[PDB]
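Visitor: The following block contains the structure, expressed as structure tokens.
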Amino acid sequence: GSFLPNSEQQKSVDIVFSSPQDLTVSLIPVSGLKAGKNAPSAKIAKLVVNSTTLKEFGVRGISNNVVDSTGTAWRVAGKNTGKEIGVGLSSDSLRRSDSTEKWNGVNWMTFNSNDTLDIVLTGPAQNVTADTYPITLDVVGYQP
Amino acid sequence: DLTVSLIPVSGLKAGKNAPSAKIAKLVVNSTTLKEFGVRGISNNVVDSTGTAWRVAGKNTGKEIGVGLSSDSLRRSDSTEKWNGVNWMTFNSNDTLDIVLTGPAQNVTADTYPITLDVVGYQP
Amino acid sequence: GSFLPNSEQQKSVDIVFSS
């Protein structure tokens, strides 16, 4: 047989894998918190995560004492007193997850980029000593 | 002569993708030629027939393995030589699938180019 | 499918209880 050199053609096209890319984040302490006996699930901070090119954001609390398998409840220590309080995502916030994902095994709960979520005092009513309590969260883009 | 269409699959997704996921359809039609040969063209062709090769994220600069699907390869009429160069041949008026070769490739969220050379063959 | 470490992000604030 034979090849027809004059019939040779090059064809090119673009392939696109999309749209997961990026996000912005903001963590706002609640005003007017008072020491002493607090209401159950008292709100203490608002988490905002925003984005166009992403949707499922993952979030975990980071501290010296994380108390559940998804890192959505943990304990933090007061700067001046060292006293511990229990903090975490509110029950309402937990019920608004998009999924419960396992980053190569590590669990995360996921949420729509652009939602706000509430961080609360967890469990029954807590008696909180006047102090400053640091909270740290890690946020991440998840992608199905 | 030959009329060639190369059609990207739409809505593809980032990160772990299916092994052999389909990524493009090659359509070769002819009224005059019974067969055609095809090779991938890139900066890294990885087999002796040019039916598997690598390409990369235009913005992120990272690679992916692509090539004819195993089903498509098994539809070949023959592998012929043009002055010593291997070209796998296929019936004209057929479609073939280009796929992600190898395991569940972690495709990065980007755009990737593919180039093929197609030539008429008369057996 | 996956996580994007490319866009993993950490954030800290101080919560203040007065009394």
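Visitor: Among the residues of region A:82-91, is there at least one that is touching a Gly at 6+ places or on another chain (Cβ under 9 Å) and among the polar types (S, T, N, Q)? First the steps, then the outcome.
Guide: First pass over region A:82-91, keeping only residues touching a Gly at 6+ places or on another chain (Cβ under 9 Å): A:84-89.
Filter once more, so that each one left must be among the polar types (S, T, N, Q): none.
Looking through region A:82-91, none of the residues is touching a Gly at 6+ places or on another chain (Cβ under 9 Å) and among the polar types (S, T, N, Q).
Visitor: Go through (1) among the hydroxyl-bearing types (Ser, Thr, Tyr); (2) assigned to a strand (DSSP E or B); (3) surrounded by fewer than 21 Cβ atoms within 10 Å (Cβ to Cβ) one by one and return the number of the condition residue B:76 breaks.
Guide: (2)
Visitor: Among what's in chain C and is small (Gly, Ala, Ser) and within 14 Å of chain B (Cβ to nearest Cβ), pick the residue that is surrounded by the fewest Cβ atoms within 10 Å (Cβ to Cβ).
Guide: Of the residues in chain C, the ones small (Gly, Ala, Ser) are C:1-2, C:7, C:12, C:18-19.
Pick out the ones that are also within 14 Å of chain B (Cβ to nearest Cβ) and you get C:1-2, C:7.
Working: C:1: 16, C:2: 22, C:7: 19.
Selected residue: C:1.
Visitor: Quickly run through region B:47-73 and pick out the residues that are surrounded by fewer than 16 Cβ atoms within 10 Å (Cβ to Cβ) and in contact (Cβ under 8 Å) with a residue 40 or more places away in the chain.
Guide: B:58, B:59, B:60, B:62, B:70 - these are the residues of region B:47-73 that are surrounded by fewer than 16 Cβ atoms within 10 Å (Cβ to Cβ) and in contact (Cβ under 8 Å) with a residue 40 or more places away in the chain.
Visitor: Within 30 Å of residue A:19 (Cβ to Cβ) and crowded, with 20+ Cβ neighbours inside 10 Å - does that describe any residue in region A:90-98?
Guide: As a first pass, look at region A:90-98 and keep what is within 30 Å of residue A:19 (Cβ to Cβ): A:90, A:92-98.
Still in the list and also crowded, with 20+ Cβ neighbours inside 10 Å: A:93, A:97.
The answer is yes, given that some residue of region A:90-98 is within 30 Å of residue A:19 (Cβ to Cβ) and crowded, with 20+ Cβ neighbours inside 10 Å.
Visitor: Among the residues in region A:12-20, are any closer than 18 Å to residue C:13 by Cβ and in contact (Cβ under 8 Å) with a residue 40 or more places away in the chain? Explain how you work it out, then say what you get.
Guide: If we filter region A:12-20 for residues that are closer than 18 Å to residue C:13 by Cβ, which is where we start, we get none.
No, that holds for no residue.
Visitor: Here's another thing I want to ask about it. Given the criteria in contact (Cβ under 8 Å) with a residue 40 or more places away in the chain, in contact with a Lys or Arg (Cβ under 9 Å, 6 or more places away or on another chain), farther than 18 Å from residue A:75 by Cβ and of a type in the set (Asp, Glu), does residue A:118 qualify?
Guide: Details: in contact (Cβ under 8 Å) with a residue 40 or more places away in the chain: yes; in contact with a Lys or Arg (Cβ under 9 Å, 6 or more places away or on another chain): yes; farther than 18 Å from residue A:75 by Cβ: no; of a type in the set (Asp, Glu): yes.
Criteria not met by residue A:118.
Visitor: Restricting the search to region A:123-137, which residues are within 19 Å of residue A:36 (Cα to Cα) and within 13 Å of chain C (Cβ to nearest Cβ)?
Guide: Just the residues of region A:123-137 that are within 19 Å of residue A:36 (Cα to Cα), to begin with: A:123-134.
Once the filter is applied, which keeps residues that are within 19 Å of residue A:36 (Cα to Cα) and within 13 Å of chain C (Cβ to nearest Cβ), region A:123-137 yields A:126, A:127, A:128, A:129, A:130, A:131, A:132, A:133, A:134.
Visitor: Further, regarding this structure: Out of (1) at the interface with chain C (Cβ under 10 Å from one of its Cβ atoms); (2) under 13 Å from the mean Cα position of the chain (by Cα), what's the single condition that is false for residue A:106?
Guide: That leaves (2) as the condition not met.
Visitor: Being within 12 Å of chain A (Cβ to nearest Cβ) and small (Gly, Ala, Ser) is the filter here, so list the residues in region B:51-83 that pass it.
Guide: Correct list: B:56, B:57, B:78.
Visitor: Still on this structure, I have one more. Taking the conditions exactly as written (in contact with a strand residue (DSSP E or B) (Cβ under 9 Å, 6 or more places away or on another chain), part of a strand (DSSP E or B) and at negative phi), does residue A:93 satisfy them or not? Before you say what the answer is, go through the steps one by one.
Guide: Working: in contact with a strand residue (DSSP E or B) (Cβ under 9 Å, 6 or more places away or on another chain): yes; part of a strand (DSSP E or B): no; at negative phi: yes.
For residue A:93, the condition - in contact with a strand residue (DSSP E or B) (Cβ under 9 Å, 6 or more places away or on another chain), part of a strand (DSSP E or B) and at negative phi - is not met.
Visitor: Would you pick out the residues in region B:19-42 that are of a type in the set (A, V, I, L, M) and under 17 Å from the mean Cα position of the chain (by Cα)? Can you show your working first?
Guide: Within region B:19-42, the first condition is being of a type in the set (A, V, I, L, M), and the residues that meet it are B:21, B:23-24, B:26-28, B:33, B:38, B:41.
Of everything in region B:19-42, those that are of a type in the set (A, V, I, L, M) and under 17 Å from the mean Cα position of the chain (by Cα) turn out to be B:21, B:23, B:24, B:26, B:27, B:28, B:38, B:41.
Visitor: Can you tell me which residue in region A:1-39 is nearest to residue B:5 (Cα to Cα), limited to those that are more than 7 Å from every other protein chain (Cβ to nearest Cβ) and among the β-branched types (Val, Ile, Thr)?
Guide: A:24
Bear in mind these aren't lab numbers, they're just calculated from the coordinates by the rules spelled out. Note that each Cβ is placed from the backbone with ideal geometry, even for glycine, and that neighbours are counted across all protein chains shown.
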